[PDB]
file target.txt (compact mmCIF, C-alpha atoms)
# COMPACT_ATOMS: atom_id res chain seq x y z
CA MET A 1 19.21 36.04 3.22
CA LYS A 2 20.65 33.02 1.25
CA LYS A 3 19.90 30.90 -1.90
CA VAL A 4 18.47 27.32 -1.84
CA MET A 5 18.37 24.60 -4.56
CA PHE A 6 15.52 22.02 -4.27
CA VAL A 7 15.98 18.74 -6.27
CA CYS A 8 15.21 14.96 -6.62
CA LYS A 9 17.29 12.06 -8.22
CA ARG A 10 15.19 12.60 -11.42
CA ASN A 11 12.64 15.39 -12.22
CA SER A 12 10.64 14.02 -15.25
CA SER A 13 7.08 13.19 -14.05
CA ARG A 14 8.01 14.05 -10.37
CA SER A 15 6.12 16.72 -8.34
CA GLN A 16 8.69 17.63 -5.55
CA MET A 17 6.56 20.54 -4.05
CA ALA A 18 9.02 21.79 -1.38
CA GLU A 19 10.53 24.45 -3.72
CA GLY A 20 7.04 25.97 -4.31
CA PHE A 21 6.28 26.03 -0.56
CA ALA A 22 9.74 27.44 0.40
CA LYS A 23 9.28 30.62 -1.75
CA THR A 24 5.54 30.88 -0.80
CA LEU A 25 6.51 30.69 2.96
CA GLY A 26 9.91 32.54 2.98
CA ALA A 27 10.77 34.61 -0.17
CA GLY A 28 11.42 37.69 2.09
CA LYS A 29 14.03 35.45 3.90
CA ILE A 30 15.56 33.16 1.19
CA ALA A 31 15.84 32.76 -2.62
CA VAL A 32 14.60 29.40 -4.09
CA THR A 33 15.43 27.55 -7.32
CA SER A 34 14.60 24.10 -8.69
CA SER A 35 16.31 22.15 -11.43
CA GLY A 36 16.36 18.76 -13.20
CA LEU A 37 19.36 16.35 -12.90
CA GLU A 38 18.95 15.40 -16.62
CA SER A 39 16.92 17.17 -19.44
CA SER A 40 13.41 17.33 -17.84
CA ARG A 41 10.23 19.18 -16.58
CA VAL A 42 8.24 18.78 -13.28
CA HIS A 43 4.94 16.97 -13.26
CA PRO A 44 2.24 18.83 -15.30
CA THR A 45 -0.08 17.69 -12.41
CA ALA A 46 2.17 19.54 -9.85
CA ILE A 47 1.05 23.05 -11.00
CA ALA A 48 -2.69 22.40 -10.35
CA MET A 49 -1.99 20.50 -7.06
CA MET A 50 0.27 23.29 -5.68
CA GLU A 51 -2.22 25.94 -6.95
CA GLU A 52 -4.71 24.47 -4.36
CA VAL A 53 -2.42 26.50 -1.98
CA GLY A 54 -2.17 29.40 -4.56
CA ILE A 55 1.50 28.50 -5.39
CA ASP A 56 3.12 29.85 -8.61
CA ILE A 57 5.37 27.20 -10.35
CA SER A 58 4.11 27.09 -14.03
CA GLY A 59 7.62 26.66 -15.66
CA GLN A 60 10.04 26.49 -12.67
CA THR A 61 12.37 23.75 -14.05
CA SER A 62 14.07 25.16 -17.19
CA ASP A 63 17.63 23.75 -16.81
CA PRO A 64 19.54 20.86 -15.10
CA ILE A 65 21.39 21.41 -11.73
CA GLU A 66 24.72 20.85 -13.54
CA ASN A 67 23.97 24.02 -15.63
CA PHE A 68 24.24 26.14 -12.38
CA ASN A 69 27.05 26.73 -9.77
CA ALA A 70 26.66 25.00 -6.37
CA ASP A 71 28.50 27.59 -4.18
CA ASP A 72 25.84 30.26 -5.01
CA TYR A 73 23.55 28.12 -2.76
CA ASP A 74 24.10 27.80 1.03
CA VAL A 75 21.49 24.96 1.10
CA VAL A 76 20.73 22.05 -1.26
CA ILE A 77 17.60 19.96 -0.52
CA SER A 78 17.45 16.44 -2.00
CA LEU A 79 13.74 15.46 -1.71
CA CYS A 80 14.11 11.73 -2.59
CA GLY A 81 16.80 10.62 -0.07
CA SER A 82 20.38 11.09 -1.42
CA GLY A 83 21.19 13.48 -4.33
CA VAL A 84 23.62 10.94 -6.03
CA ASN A 85 22.79 11.69 -9.77
CA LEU A 86 24.32 15.25 -9.35
CA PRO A 87 27.95 16.64 -9.15
CA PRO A 88 29.84 16.48 -5.75
CA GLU A 89 29.82 20.32 -5.38
CA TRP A 90 26.01 20.16 -4.62
CA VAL A 91 26.38 17.63 -1.70
CA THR A 92 29.27 19.72 -0.19
CA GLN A 93 27.18 22.94 0.46
CA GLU A 94 26.81 23.95 4.15
CA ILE A 95 23.11 22.91 4.55
CA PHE A 96 22.99 19.95 2.14
CA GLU A 97 19.90 18.05 3.42
CA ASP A 98 18.66 14.55 2.39
CA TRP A 99 14.86 14.43 2.99
CA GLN A 100 13.55 10.82 2.88
CA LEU A 101 10.08 11.85 1.54
CA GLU A 102 7.80 10.27 -1.08
CA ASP A 103 6.76 11.92 -4.41
CA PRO A 104 3.02 12.36 -5.35
CA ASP A 105 3.64 10.79 -8.85
CA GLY A 106 1.63 7.57 -9.54
CA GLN A 107 -0.66 8.14 -6.46
CA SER A 108 -3.83 10.07 -5.39
CA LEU A 109 -4.74 13.70 -4.53
CA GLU A 110 -4.91 12.52 -0.88
CA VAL A 111 -1.16 11.70 -1.27
CA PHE A 112 -0.52 15.19 -2.81
CA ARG A 113 -2.29 16.67 0.30
CA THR A 114 -0.32 14.27 2.62
CA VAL A 115 2.98 15.34 0.94
CA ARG A 116 1.98 19.08 1.22
CA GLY A 117 1.43 18.60 5.01
CA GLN A 118 4.79 16.78 5.57
CA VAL A 119 6.67 19.19 3.21
CA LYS A 120 5.13 22.31 4.89
CA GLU A 121 6.54 21.18 8.28
CA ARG A 122 9.96 20.24 6.70
CA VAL A 123 10.21 23.60 4.86
CA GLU A 124 9.16 25.60 7.97
CA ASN A 125 11.85 23.67 9.97
CA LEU A 126 14.47 24.35 7.21
CA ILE A 127 13.65 28.09 7.18
CA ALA A 128 13.59 28.21 11.05
CA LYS A 129 17.18 26.72 11.19
CA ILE A 130 18.71 28.81 8.31
CA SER A 131 17.06 32.13 9.46
call {"tool": "encode", "arguments": {"input": "target.txt", "output": "structure tokens"}}
result
Amino acid sequence: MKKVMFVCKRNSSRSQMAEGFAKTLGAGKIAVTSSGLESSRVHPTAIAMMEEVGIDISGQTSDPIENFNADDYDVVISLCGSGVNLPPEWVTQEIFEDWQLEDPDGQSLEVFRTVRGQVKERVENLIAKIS
């Protein structure tokens, strides 16, 4: 078992999703956390759109990434391409991955369902390489 941070360049009004799927798919395998890069909260829409899958994320972002320690986490997932707006210790973890995905913010429920499909496959691949 190992710890994973899931993040985007900014978190205010962004849905991200992959953190909620990673603990719903693999919490007996890995520990998952999500954080802001500045003082923020995930999309209020994200809770209801991840709850279509039964996913529990009501208050998951409480603190910025820079409030934590990077070396606690073997993996850091940047969901919006590069991490860039975070300290260098988070890009230097062993499984630092840049995922070039979209965010559901500003677009339809069909895009939330599209992102859930793409993210499910990405998160299952992540777990199946870090297992």
call {"tool": "residues_around", "arguments": {"input": "target.txt", "residues": "stretch 103-112 of chain A", "least_positions_apart": "4", "cutoff": "7 Å", "atoms": "all atoms listed in the file", "output": "list in words"}}
result
residues 13, 14, 15, 16, 49 and 116 of chain A
call {"tool": "write_last_selection", "arguments": {"input": "target.txt", "atoms": "C-alpha atoms", "output": "mmCIF file, in the coordinates of the input"}}
result
data_model
loop_
_atom_site.group_PDB
_atom_site.id
_atom_site.type_symbol
_atom_site.label_atom_id
_atom_site.label_comp_id
_atom_site.auth_asym_id
_atom_site.auth_seq_id
_atom_site.Cartn_x
_atom_site.Cartn_y
_atom_site.Cartn_z
ATOM 1 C CA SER A 13 7.080 13.190 -14.050
ATOM 2 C CA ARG A 14 8.010 14.050 -10.370
ATOM 3 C CA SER A 15 6.120 16.720 -8.340
ATOM 4 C CA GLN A 16 8.690 17.630 -5.550
ATOM 5 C CA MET A 49 -1.990 20.500 -7.060
ATOM 6 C CA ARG A 116 1.980 19.080 1.220
#
call {"tool": "atom_distance", "arguments": {"input": "target.txt", "atom1": "atom CA of residue A:82", "atom2": "atom CA of residue A:62"}}
result
22.1 Å
call {"tool": "closest_residue", "arguments": {"input": "target.txt", "among": "A:77, A:50, A:86, A:42", "to": "residue A:123", "atoms": "only C-alpha atoms"}}
result
A:77
call {"tool": "closest_residue", "arguments": {"input": "target.txt", "among": "A:47, A:2, A:25, A:74", "to": "residue A:92", "atoms": "all atoms listed in the file"}}
result
A:74
call {"tool": "closest_residue", "arguments": {"input": "target.txt", "among": "A:44, A:36, A:88, A:81", "to": "residue A:65", "atoms": "all atoms listed in the file"}}
result
A:36
call {"tool": "atom_distance", "arguments": {"input": "target.txt", "atom1": "atom CA of residue A:91", "atom2": "atom CA of residue A:12"}}
result
21.1 Å
call {"tool": "residues_around", "arguments": {"input": "target.txt", "residues": "residue A:6", "least_positions_apart": "6", "cutoff": "7 Å", "atoms": "all atoms listed in the file", "output": "PDB file with C-alpha atoms, keeping the file's coordinate frame"}}
result
ATOM      1  CA  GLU A  19      10.530  24.450  -3.720  1.00  0.00           C
ATOM      2  CA  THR A  33      15.430  27.550  -7.320  1.00  0.00           C
ATOM      3  CA  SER A  34      14.600  24.100  -8.690  1.00  0.00           C
ATOM      4  CA  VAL A  76      20.730  22.050  -1.260  1.00  0.00           C
ATOM      5  CA  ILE A  77      17.600  19.960  -0.520  1.00  0.00           C
ATOM      6  CA  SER A  78      17.450  16.440  -2.000  1.00  0.00           C
TER       7      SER A  78
END
call {"tool": "closest_residue", "arguments": {"input": "target.txt", "among": "A:17, A:94, A:66, A:57", "to": "residue A:117", "atoms": "all atoms listed in the file"}}
result
A:17
call {"tool": "closest_residue", "arguments": {"input": "target.txt", "among": "A:27, A:115, A:37, A:5", "to": "residue A:75", "atoms": "only C-alpha atoms"}}
result
A:5
call {"tool": "atom_distance", "arguments": {"input": "target.txt", "atom1": "atom CA of residue A:45", "atom2": "atom CA of residue A:83"}}
result
23.1 Å
call {"tool": "axis_aligned_box", "arguments": {"input": "target.txt", "around": "stretch 98-107 of chain A", "padding_each_side": "6 Å", "output": "JSON"}}
result
{"center_x": 9.0, "center_y": 11.1, "center_z": -3.3, "size_x": 31.3, "size_y": 19.0, "size_z": 24.5}
call {"tool": "residues_near_point", "arguments": {"input": "target.txt", "point": "(19.7, 32.7, -2.4)", "cutoff": "7 Å", "atoms": "only C-alpha atoms", "output": "PyMOL selection string"}}
result
chain A and resi 1-4+30-32+73
call {"tool": "closest_residue", "arguments": {"input": "target.txt", "among": "A:8, A:80, A:102, A:20", "to": "residue A:48", "atoms": "only C-alpha atoms"}}
result
A:20
call {"tool": "residues_around", "arguments": {"input": "target.txt", "residues": "residue A:63", "least_positions_apart": "6", "cutoff": "8 Å", "atoms": "all atoms listed in the file", "output": "ChimeraX atom specification"}}
result
/A:35-36,39-40
call {"tool": "residues_near_point", "arguments": {"input": "target.txt", "point": "(17.7, 34.3, 7.0)", "cutoff": "6 Å", "atoms": "all atoms listed in the file", "output": "PDB file with C-alpha atoms, keeping the file's coordinate frame"}}
result
ATOM      1  CA  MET A   1      19.210  36.040   3.220  1.00  0.00           C
ATOM      2  CA  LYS A  29      14.030  35.450   3.900  1.00  0.00           C
ATOM      3  CA  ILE A 130      18.710  28.810   8.310  1.00  0.00           C
ATOM      4  CA  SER A 131      17.060  32.130   9.460  1.00  0.00           C
TER       5      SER A 131
END
call {"tool": "build_atoms", "arguments": {"input": "target.txt", "residues": "stretch 82-107 of chain A", "atoms": "N, CA, C and O atoms", "output": "compact mmCIF listing (two decimals), in the frame of the given file"}}
result
# COMPACT_ATOMS: atom_id res chain seq x y z
N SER A 82 19.11 10.56 -0.89
CA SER A 82 20.38 11.09 -1.42
C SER A 82 20.23 11.83 -2.76
O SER A 82 19.31 11.56 -3.54
N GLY A 83 21.16 12.76 -3.05
CA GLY A 83 21.19 13.48 -4.33
C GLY A 83 21.72 12.62 -5.48
O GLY A 83 21.06 12.49 -6.50
N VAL A 84 22.90 11.99 -5.27
CA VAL A 84 23.62 10.94 -6.03
C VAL A 84 23.82 11.12 -7.56
O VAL A 84 24.94 10.98 -8.04
N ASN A 85 22.78 11.47 -8.31
CA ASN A 85 22.79 11.69 -9.77
C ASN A 85 23.21 13.13 -10.17
O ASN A 85 22.97 13.58 -11.29
N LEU A 86 23.82 13.87 -9.23
CA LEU A 86 24.32 15.25 -9.35
C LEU A 86 25.83 15.36 -9.01
O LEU A 86 26.37 14.47 -8.35
N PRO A 87 26.53 16.44 -9.45
CA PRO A 87 27.95 16.64 -9.15
C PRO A 87 28.26 16.80 -7.65
O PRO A 87 27.43 17.35 -6.92
N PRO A 88 29.47 16.42 -7.17
CA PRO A 88 29.84 16.48 -5.75
C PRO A 88 29.76 17.87 -5.10
O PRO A 88 29.49 17.99 -3.91
N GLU A 89 29.92 18.94 -5.88
CA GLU A 89 29.82 20.32 -5.38
C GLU A 89 28.43 20.67 -4.80
O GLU A 89 28.32 21.55 -3.95
N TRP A 90 27.36 19.94 -5.17
CA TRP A 90 26.01 20.16 -4.62
C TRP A 90 25.77 19.45 -3.28
O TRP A 90 25.03 19.97 -2.45
N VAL A 91 26.45 18.32 -3.01
CA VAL A 91 26.38 17.63 -1.70
C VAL A 91 27.32 18.23 -0.65
O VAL A 91 27.18 17.95 0.54
N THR A 92 28.27 19.08 -1.07
CA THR A 92 29.27 19.72 -0.19
C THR A 92 28.88 21.14 0.29
O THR A 92 29.64 21.77 1.03
N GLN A 93 27.70 21.66 -0.09
CA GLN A 93 27.18 22.94 0.46
C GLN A 93 26.85 22.82 1.96
O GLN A 93 26.61 21.72 2.46
N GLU A 94 26.85 23.94 2.68
CA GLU A 94 26.81 23.95 4.15
C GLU A 94 25.57 23.26 4.74
O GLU A 94 25.69 22.47 5.68
N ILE A 95 24.39 23.51 4.16
CA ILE A 95 23.11 22.91 4.55
C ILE A 95 22.61 21.99 3.43
O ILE A 95 21.54 22.17 2.85
N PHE A 96 23.44 21.02 3.02
CA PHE A 96 22.99 19.95 2.14
C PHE A 96 22.13 18.99 2.97
O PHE A 96 22.66 18.28 3.84
N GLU A 97 20.82 18.97 2.74
CA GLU A 97 19.90 18.05 3.42
C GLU A 97 19.30 16.96 2.51
O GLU A 97 18.73 17.26 1.46
N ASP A 98 19.35 15.71 2.96
CA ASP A 98 18.66 14.55 2.39
C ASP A 98 17.33 14.32 3.12
O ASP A 98 17.30 13.83 4.25
N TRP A 99 16.21 14.68 2.49
CA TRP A 99 14.86 14.43 2.99
C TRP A 99 14.35 13.11 2.41
O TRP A 99 14.30 12.93 1.19
N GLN A 100 13.94 12.18 3.27
CA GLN A 100 13.55 10.82 2.88
C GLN A 100 12.03 10.72 2.60
O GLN A 100 11.36 9.78 3.04
N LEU A 101 11.50 11.73 1.90
CA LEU A 101 10.08 11.85 1.54
C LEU A 101 9.71 11.02 0.30
O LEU A 101 10.56 10.59 -0.48
N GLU A 102 8.40 10.82 0.13
CA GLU A 102 7.80 10.27 -1.08
C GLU A 102 7.50 11.38 -2.12
O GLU A 102 7.44 12.56 -1.78
N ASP A 103 7.27 11.00 -3.38
CA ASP A 103 6.76 11.92 -4.41
C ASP A 103 5.29 11.60 -4.76
O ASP A 103 4.95 10.42 -4.86
N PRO A 104 4.41 12.59 -4.96
CA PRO A 104 3.02 12.36 -5.35
C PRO A 104 2.80 11.61 -6.69
O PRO A 104 1.69 11.12 -6.91
N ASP A 105 3.80 11.51 -7.58
CA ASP A 105 3.64 10.79 -8.85
C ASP A 105 3.16 9.33 -8.68
O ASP A 105 3.67 8.57 -7.85
N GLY A 106 2.19 8.93 -9.52
CA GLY A 106 1.63 7.57 -9.54
C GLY A 106 0.64 7.26 -8.41
O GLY A 106 0.21 6.11 -8.28
N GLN A 107 0.27 8.26 -7.59
CA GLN A 107 -0.66 8.14 -6.46
C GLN A 107 -1.65 9.32 -6.36
O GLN A 107 -1.57 10.29 -7.11
